[PDB]
C-alpha cells in the first residue's frame, strides 16, 4: 500500500514547495513493482521495485516539472528549492493554472476493484510455469518452426496525488500478462513471425491456455502471402487490429492537437462526420476494467461521455491548459475506456457475409497526416471471396482519408477485447482502396 508515512512525505513536499516560492503545486508520490520472466526455446528473470515523487511547480507565473526518487528530506529540500528557483527563470505562461476545484473528483464512488489482493502472495514458480506451458503448446508441433518465445509479466502500481487548491486522491492497480512469439521457416529466406497475448487485472482471471497454440496458428497463416489486384474491396478488421484505425481519430480529439491547429477533426464538433454505425463512448467507471479511473492527472472527475453518437462527434478531450488557450470549456485530458457499440456477429460471421473483401490481420508501417486525415498503411491478411478466406495477402497498402473511412463503416462485431482499455470489436468498411507495394 501507500502508507501513512508515504502520505505524510507527500504532504510535507507540498507544504515545502508552497512555503518556498510556489503560489501553487501538484505532488505525485508513486510506486510500483514488477516481475518479468522470458523464455526462448535462455531463461531470463527481471524484477523491479520503484518509488518516487514528482512535482509540478507554479512559480511566479512560470511552470516547471521535477521528479526524484531520492527522498531524504534534506536532499528533497535542496532539490525542490532548486526546482522552484530554476522554474522562475522561464518565461511566464499565464495559461498554466490549476483547475477549478468544483471539477475535482469528490470521492465516494464505488470501489473500481482494479487491484488483485492476491498479488503479494503469488508464488514466482507458478508464474514461470505458466510461461513454460505457453511455449509447450507450440514446441515441436511443426517442422517449419525456428523459435518459440514466451513471456510472463506482472506489476502493481500505486499513486497518491495532491493539488494545492484542495485535491487529494489515490489509486492502486495490478496487471498480469502472458505471451507467445513464434518464428518459422518461410519461402527462400523469409522468416515470418506472429504472436498472441492475454492480460488481466486478476491472476485468477488471466487466460493461461491457448496462447502458444494461437501464435502458431497465426504464423502458419502467413505462409504463401502475395499481393492481390489493386482496387476497391470491403475491408474486414479483427479485434486484435480494429483499434489501430480508430487511434488517429482519437489523437485528433486531443486539446493540444486542436490548439496547435494540427487536427483533421478541428471544427467538426457536433457534426455528422461518420457512419450511423459508429457509436463510441468513454466509460471511465467500469468495475474491474483496464483503464477505469475516477480522475485524471489534473484531479478532474471523469464522466461518461458520448464521443460519437451514430456518427456525430460529441466530445473533444481538452485539459485545463488547452481550454484556457483556446478560450473554450475543458472536458477531461483524455479518454479512459473506449467502448464501441457492438453488432450481433463475430468475426467469422462478418467474413461470411462479404462477397469481395480483404481481412486485415495486421498492419505493417505507414502513417496518417494529423491535419488532413489522409492515410496509407501496410496490411496483411486474407482475400475474402464469397464469404470465405482464400489467398493469404501481404505487400499491399490501404489508403484513403480517415473521415470517409469511418463514414463507410457498415458493421461492428460482438467481439471486443475486454482486457484492453480499447473495447473495439471487429469492423467492416465498404469501398476501401488497396494498392500494391
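Numbering follows the first chain given and starts at 1.
Exercise. How much of the deposited sequence is absent from the coordinates between residue 50 and residue 51: none, 1 to 3, 4 to 9, or 10 or more residues?
Worked result: Gap size class: none, per the record.
Exercise. Which has the higher mean CA temperature factor in the PDB entry, 186-194 or 316-324?
Worked result: Result: 186-194.
Problem set entry | Mean temperature factor over C-alpha atoms, higher-scoring stretch between 332-340 and 358-366 | That would be 358-366.
Exercise. Whose CA atom has the top B-factor in the entry, of 56, 46, 69, 404?
Worked result: Going by the entry's C-alpha B-factors, 69 comes out highest.
Exercise. Out of 178, 163, 280, 120, which one has a C-alpha B factor higher than all the others in the entry?
Worked result: Answer, based on the entry's C-alpha B-factors: 120.
For this session: Determine, from the deposited record, the chain-internal third of the Cα B-factor for residue 400: lowest, middle or highest.
Result: Middle third by C-alpha B-factor.
For this session: Please place residue 285 in the lowest, middle or highest third of its chain by C-alpha B factor as given in the entry.
Result: For residue 285, the deposited C-alpha B-factor lands in the middle third.
For this session: Select lowest, middle or highest to describe the third in which the CA B-factor of residue 41 falls within its chain in this entry.
Result: Highest third, going by the recorded CA B-factors of the chain.
For this session: Would you mind checking where the Cα B-factor of residue 144 ranks among the modelled residues of its chain, as the lowest, middle or highest third?
Result: Highest third of the chain for residue 144's C-alpha B-factor.
Problem set entry | residue 382 by Cα B-factor - lowest, middle or highest third of the modelled chain | Highest third of the chain for residue 382's C-alpha B-factor.
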